[PDB]
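Engineer: following this: a sequence and the matching experimental structure.
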Amino acid sequence: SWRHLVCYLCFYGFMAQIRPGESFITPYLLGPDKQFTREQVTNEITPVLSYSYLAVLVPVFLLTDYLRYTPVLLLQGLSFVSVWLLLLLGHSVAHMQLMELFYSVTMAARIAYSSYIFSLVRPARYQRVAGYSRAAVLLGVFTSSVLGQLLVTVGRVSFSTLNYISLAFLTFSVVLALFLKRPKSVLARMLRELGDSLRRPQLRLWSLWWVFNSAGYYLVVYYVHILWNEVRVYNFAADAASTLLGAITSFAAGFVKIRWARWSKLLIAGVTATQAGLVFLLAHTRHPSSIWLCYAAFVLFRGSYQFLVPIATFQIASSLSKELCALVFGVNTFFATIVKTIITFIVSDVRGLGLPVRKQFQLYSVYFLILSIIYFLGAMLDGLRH
Ligand SMILES: Cc1ncc(C[n+]2csc(CCOP(=O)(O)OP(=O)(O)O)c2C)c(N)n1
């Protein structure tokens, strides 16, 4: 129980994120084995992920609290396995949409893991465990991407073989999830407790942070590969180093000692202001001998956000005097994606304000600046109301 509760939980998080084939799904689909064209992949596969993620996220946070966070973690493991089973056995676009549907389920089930670590350990160690699990999750993402590239670049093994390596690892993650300790109108009660909990000032500040800052962070991270492509060993190294830096900063967030009643709004504003300038750095820089600076801007931006996520998870869980840690996590992830979709519609899509990728980032930079000013203002009014 001593070693089991914390070390094994981080070990599961580290090994659940081991996916050599996750970053090479599209090239594997667009390959000699499966013989799929770009139009089928772009128009029939990727949109299914977007729609199914929203339709699966809504039930996932309602059920993970009641069914406890073990079956959903076990469901996440099984759902991931069926994704690669359909990848290695699929022949038509129908199989690919089903595996994209299963893939969307898996991304909806990561809120269960984040809340699971909070139900396992006493509230005293909420901050340290939050830093540990996020560090373990990001260390898994980093070592999955690096081992994924190494097997394909310095290694000569085919995509099908590389996907087999993921399948064996993913089965191991399923086995690991099978030994996780399960902690010991209904809809009206949880919604009523949702409103009562949101009345607290600490959770409300961080929940609003989750909705908006994560939407901006995901917008930057999602519209970053295209931005570099619009301008192949270097666009991964930034991704690999960004996840590594996020792991270190998330690990360091479980050891920071800050009085989370007076310097909470200021810390959010300081990080958001840093991200606002950093995103602007990624945008307004186009010199050929300046791409290294752009990657340097990206890694710290990823680290700055991933530094505050364990803090946000720790504060929300500590401010929730109920077993509703997952429901708030799901609601914030629900609204963050909705806000992310809304900004994409206005800033990127033609029916709204059509801009090229360069113009989008400066729009995202001012979006962060508005967010930073709001938190800076929010801290000042809280400060004058000492
Ligand atoms: C067809 C297809 N299915 C799945 C993927 C993988 N995928 C789609 S959305 C997504 C999440 C975006 O990752 P990111 O924002 O970098 O994650 P984080 O750093 O927050 O863990 C991933 C991994 C893909 N590229 N293509």
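Structural biologist: On my side now, so go ahead. Numbers count the residues shown, from 1 in each chain.

Engineer: excluding its backbone neighbours, what's nearest the residue of the stretch 1-150 of the chain found nearest the ligand?
Structural biologist: The shortest separation between the stretch 1-150 of the chain and the ligand is 4.3 Å, found at residue 25 (distances taken as CB to the nearest ligand atom). C-beta coordinates here come from the backbone N, C-alpha and C atoms, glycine included. By the measure of CB to CB, 6 or more residues apart in numbering, the closest residue to residue 25 outside its immediate chain neighbours is residue 87, 7.2 Å from it.

Engineer: and the gap between that neighbour and residue 45?
Structural biologist: Using CB to CB, to the nearest Å, we find residue 87 at a distance of 11 Å from residue 45.

Engineer: rewinding a little: so the residue nearest to residue 25 makes contact with residue 99?
Structural biologist: Yes - shown here, residue 87 and residue 99 form a contact pair, counting by CB atoms under 8 Å, at 6.1 Å.

Engineer: spell out which parts of the stretch 201-350 of the chain neighbour the ligand.
Structural biologist: Taking CB under 6 Å from any ligand atom as the criterion, the neighbours of the ligand within the stretch 201-350 of the chain are 218, 221.

Engineer: now do 5 Å
Structural biologist: Remark: the part of the stretch 201-350 of the chain in contact with the ligand comprises residue 221, using CB under 5 Å from any ligand atom.

Engineer: looking at the stretch 201-350 of the chain, which residue is nearest the ligand?
Structural biologist: With CB to the nearest ligand atom as the measure, the residue in the stretch 201-350 of the chain that lies nearest the ligand is residue 221; the distance is 4.5 Å.

Engineer: tell me how many other residues surround that residue.
Structural biologist: Close neighbours of residue 221, defined as other CB atoms under 10 Å, add up to 15.

Engineer: secondary structure element holding it?
Structural biologist: Residue 221 is part of helix 201-222 when elements are defined by DSSP states H and E.

Engineer: off-centre distance for that helix?
Structural biologist: Its chain's C-alpha centre and that of helix 201-222 lie 11 Å apart, by CA atoms, centre = their mean, to the nearest Å.

Engineer: dump it to CSV, keeping only the CA atoms.
Structural biologist: Only the C-alpha atoms of helix 201-222 are listed here, as CSV (Å, rounded to 0.1, in the frame of the first residue of the first chain):
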residue,chain,number,x,y,z
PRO,A,201,-13.8,31.1,-4.8
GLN,A,202,-10.8,28.8,-5.3
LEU,A,203,-12.5,26.2,-7.4
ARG,A,204,-14.3,28.8,-9.5
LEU,A,205,-11.1,30.7,-10.4
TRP,A,206,-9.3,27.5,-11.4
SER,A,207,-12.3,26.0,-13.2
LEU,A,208,-12.5,29.2,-15.3
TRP,A,209,-8.8,28.8,-15.9
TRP,A,210,-9.4,25.3,-17.1
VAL,A,211,-12.1,26.3,-19.6
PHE,A,212,-10.3,29.2,-21.2
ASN,A,213,-6.5,28.7,-20.8
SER,A,214,-6.7,25.0,-21.9
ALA,A,215,-8.7,26.1,-24.9
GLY,A,216,-6.0,28.6,-25.8
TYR,A,217,-3.2,26.1,-25.1
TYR,A,218,-4.9,23.4,-27.3
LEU,A,219,-5.5,26.0,-30.0
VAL,A,220,-1.8,26.9,-30.0
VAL,A,221,-0.6,23.3,-29.8
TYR,A,222,-3.0,22.0,-32.5
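
Engineer: how does this protein divide into domains?
Structural biologist: As recorded under automatic domain parsing, the domains making up the chain are 1-182, 185-386.
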